[PDB]
Amino acid sequence: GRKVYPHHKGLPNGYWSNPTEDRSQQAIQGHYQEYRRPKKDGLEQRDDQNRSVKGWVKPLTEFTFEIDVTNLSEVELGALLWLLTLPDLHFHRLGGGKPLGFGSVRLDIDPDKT
RNA sequence: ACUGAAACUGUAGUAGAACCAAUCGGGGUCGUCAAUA
């Protein structure tokens, strides 16, 4: 069926912090720096199997967007609004790098603009 | 067993009215490959 990338629950404090540091080889709070290509012989493994990113959108940053909907039934609308009103600690997965933990996002409705 | 002459195929008339270059699509992501000893 439909392939999904489960949210990386329980990533410790500072997991994404200072990401240039090759912490991939130590179990800091029980997790390896799984999103970063490990260094080999002390040099960066910028091979043509991996990409590199000059930056990323920080965690806890916030985006607002709008959905304009037409002729949704109550089931079709209720399915949509369920996704946009999931209980706490349900997170959507967005963009790239999802296998590595990137792109976990919380969606919630702004009711005053709906 | 005396050539008729003279006479604009012209005048009026918008190739135009209606018609969305548009519909769908996360710049994304894991284990394969080779066959013998």
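Labels below follow one simple rule: chain letters A, B, ... track the order of the sequence lines, proteins then strands, and each chain is numbered from 1.
- Around atom CD of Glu21(A), more than 12 heavy atoms belonging to other residues, nucleotides or ligands sit under 6.0 Å away.
- The torsion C1'-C2'-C3'-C4' is the criterion here, and for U32(B) it is positive, giving a north pucker.
- Nucleotide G10(B) carries a north sugar; the sign of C1'-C2'-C3'-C4' is positive.
- Rounded to a whole angstrom, the distance from the P atom of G28(B) to that of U32(B) is 24 Å.
- Minimum heavy-atom separation, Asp22(A) to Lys39(A): OD1-NZ, 2.9 Å.
- Judged by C1'-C2'-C3'-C4', the furanose ring of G16(B) adopts a north pucker.
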Just by protein heavy atoms under 4.0 Å, how would nucleotides 28-33 of chain B read 5' to 3' in B, S and -? BBS---
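- A negative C1'-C2'-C3'-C4' angle places the sugar of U9(B) in the south (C2'-endo) family.
- Sparse packing is recorded around CD of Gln29(A), with 12 or fewer heavy atoms of other residues, nucleotides or ligands lying under 6.0 Å away.
- When the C1' atom is used for both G26(B) and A22(B), the distance is 22 Å, rounded to whole Å.
- In the displayed structure, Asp68(A) atom CG is contacted under 6.0 Å by at most 12 heavy atoms of other residues, nucleotides or ligands.
- Adjacent nucleotides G10(B) and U11(B) have six-membered base rings whose centres lie under 5.5 Å apart with planes inclined under 30°, meeting the stacking criterion.
- Under the 90° criterion around 0 for the glycosidic angle, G13(B) counts as anti.
- The pentose of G26(B) belongs to the south class of puckers. Its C1'-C2'-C3'-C4' angle has a negative sign.
- Taking 90° from 0 as the syn/anti boundary, the base of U23(B) is oriented anti.
- Between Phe91(A) and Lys9(A), every side-chain heavy-atom pair lies at or beyond the 4.5 Å cut-off.
- Between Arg106(A) and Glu62(A) there is no salt bridge, since no side-chain N of the basic residue sits under 4.0 Å from a carboxylate O of the acidic one.
- Taking atom P in both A15(B) and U11(B), one finds a spacing of 16 Å when rounded to whole Å.
- Within 6.0 Å of atom CG in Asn18(A), more than 12 heavy atoms from other residues, nucleotides or ligands are found, so the atom counts as buried in its surroundings.
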